[PDB]
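Presented as structure tokens, the chain that follows is alone, the form deposited in one PDB entry.
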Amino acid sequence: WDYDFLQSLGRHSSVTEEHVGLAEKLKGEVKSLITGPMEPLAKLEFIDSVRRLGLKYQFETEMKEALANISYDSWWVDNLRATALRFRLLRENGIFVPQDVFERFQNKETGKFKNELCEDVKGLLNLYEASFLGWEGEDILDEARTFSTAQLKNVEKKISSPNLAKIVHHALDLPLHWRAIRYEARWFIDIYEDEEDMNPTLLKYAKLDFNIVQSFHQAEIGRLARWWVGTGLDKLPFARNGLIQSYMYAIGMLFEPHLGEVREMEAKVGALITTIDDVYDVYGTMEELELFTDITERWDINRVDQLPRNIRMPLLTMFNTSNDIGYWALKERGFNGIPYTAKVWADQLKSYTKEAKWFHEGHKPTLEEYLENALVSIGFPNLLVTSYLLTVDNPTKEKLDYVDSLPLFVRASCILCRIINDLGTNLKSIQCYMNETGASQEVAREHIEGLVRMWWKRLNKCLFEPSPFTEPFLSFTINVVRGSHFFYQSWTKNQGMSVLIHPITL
């Protein structure tokens, strides 16, 4: 967490031409395996492994085709383990599978899962993971969640294989569906190695690809670190280590090398959001904040000198950065994005002002009122719209306008990030609920957790509906949520060193 160290990064890369060469050789082999004949359950398992290792970006097409072909039922209809894995993978890849596929395993009278299945751990694990792919009203899945969760909790201590035990403990903490991809990949690499049926070729490739991707991140980090010091925001009292935290968060949103420029831009915005949050929350005067907001709405800087230095610098950095991001869009994408960057920052500042205002005037909002504002203040509408502006094919005023309106797919993601943040961490989601219902601290928290689950189902359903959206925006929307879950469970320092700094030994 030292800037001199960070700035240094990217200067010297661990990877070698030898490493690169071996990687492309290995990739082809993995491609062969993915498309090659294999027992069906094994293939599903292999494909799942590829995703878990963070390699889906590499083989998205081969993977889809393999699943498509897989979509002769003898291999899976008979066993729940196969059924659940099949259900999850198909759904994750856009192939619908009805929940009724799980009925045979239920007691018809009770509608409950047979106690007989609790003995096999993998069976329970697949069922549990598969349940997070459910939509609203899919009660079978909801039943599967509570059943598998309870069983897994019961059987965790009865497990003898330590590796399996680690996996179960990991799943109970967070299902795979909710885990940030890059981070999960690092953890899994070590785990996969110890699996009995592990494929050495995939593992090797996973290690190589990780190191290679990492080198790109290291280079990105160095530039960002130099940029941050250049702004001078590093010497400001607020937001210590905001940049690295922001970059780490962005890694969760997008980790791919081909998206490095976009990632760097997201990281800059993230760092600013964090710093400005502190300006509004702690440092600034209402008079100062209202001015900060007004200057932003107008995108007019005539009055900036009115503000004190500690506030003026963050305001100018936000202004300059937004202009730069907007310009990049004009240059690379042939579409001036400044109006859009400016607008989402205006909305964001307004959300902050409102919170500051409630706080300076003693208002206590209801949960819906708080959330209506808070989904905006978390900063995700800003991050996502910007992300859209920089990646969408043939951008237009109309497209940007639709995204900025916060349709359900986007809105759901923003709400989730906010609630996830509040659960992990004046007045937040829980207190607002307590007051609306007077409910207990424990009961309210339970209620919020319910919202998370509810919102995810909606997000899951949105993926199957017709949409204006395409990759990579669809992924960004889902990924920011995962990023939120990861950050809100010194533990960040360990994740930083393991994923960004230290290469995997070969």
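All residue numbers are counted from 1 along the displayed sequence.
Novice: How big is the unmodelled gap, if any, between residue 425 and residue 426 relative to the deposited sequence? Choose none, 1 to 3, 4 to 9, or 10 or more.
Specialist: In the record, 4 to 9 residues between residue 425 and residue 426 lack coordinates.
Novice: Quick one: classify how much of the deposited chain lacks coordinates between residue 71 and residue 72, choosing none, 1 to 3, 4 to 9, or 10 or more.
Specialist: 1 to 3 residues lack coordinates between residue 71 and residue 72.
Novice: Between 20-28 and 479-487, name whichever shows the higher mean Cα B factor according to the PDB entry.
Specialist: Result: 20-28.
Novice: When the Cα temperature factors in the entry are averaged, is it 165-173 or 315-323 that ends up higher?
Specialist: Taking the mean C-alpha B-factor of 315-323 and of 165-173, the larger value falls to 165-173.
Novice: Checking the record values for 333, 303, 364, 88, which has the greatest CA B factor?
Specialist: Comparing C-alpha B-factors across 333, 303, 364, 88, the top value belongs to 364.
Novice: Please pick out which of 127, 392, 224, 434 has the largest Cα B-factor as recorded in the entry.
Specialist: Most elevated C-alpha B-factor of the set, per the entry: 434.
Novice: State the tercile, meaning the lowest, middle or highest third, of residue 471 with respect to the CA B-factors recorded for its chain.
Specialist: Lowest third - that is where residue 471 ends up once the chain's C-alpha B-factors are sorted.
Novice: Among all modelled residues of this chain, ranked by Cα B factor, put residue 43 in the bottom, middle or top third, i.e. lowest, middle or highest.
Specialist: According to the entry, residue 43 has a C-alpha B-factor in the chain's highest third.
Novice: Please place residue 439 in the lowest, middle or highest third of its chain according to the CA B-factor in the PDB entry.
Specialist: Tercile = highest for this residue's CA B-factor.
Novice: Pull the Cα B-factor of residue 379 out of the PDB entry and bin it into the chain's lowest, middle or highest third.
Specialist: Lowest third - that is where residue 379 ends up once the chain's C-alpha B-factors are sorted.
Novice: What third of the chain does residue 63 rank in for C-alpha temperature factor, lowest, middle or highest?
Specialist: Top third by C-alpha B-factor.
This protein has a second form, the form solved in complex with a small molecule, left out of what is shown; the following refers to that one.
Novice: All three of 270, 273 and 380 touching the small molecule in the deposited complex at 4.5 Å, heavy atom to heavy atom?
Specialist: Looking in the deposited complex, the three residues 270, 273 and 380 all sit within 4.5 Å of the small molecule (heavy atoms).
Novice: Counting any heavy atom within 4.5 Å as contact, can you tell me which stretch out of 185-193, 78-86, 415-423, 145-153 lines the small molecule in the deposited complex?
Specialist: Contact-bearing stretch, as computed: 415-423.
Novice: Using a 4.5 angstroms cut-off on non-hydrogen atoms, would residue 240 count as touching the small molecule in the deposited complex?
Specialist: The answer is yes: residue 240 has a heavy atom within 4.5 Å of the small molecule.
Novice: Any chance residue 388 has a heavy atom within 4.5 Å of the small molecule in the deposited complex?
Specialist: No.
Novice: Please check if residue 249 has a heavy atom lying within 4.5 Å of any heavy atom of the small molecule in the deposited complex.
Specialist: Yes, residue 249 lies within 4.5 Å of the small molecule in the deposited complex.
Novice: Does the small molecule come within 4.5 Å of any heavy atom of residue 281 in the deposited complex?
Specialist: Heavy-atom contact with the small molecule at 4.5 Å: present for residue 281.
Novice: Would you kindly say which of 404, 277, 234, 369 lies with a heavy atom within 4.5 Å of the small molecule in the deposited complex?
Specialist: Checking each option against the small molecule in the deposited complex, the one that comes within 4.5 Å is 277.
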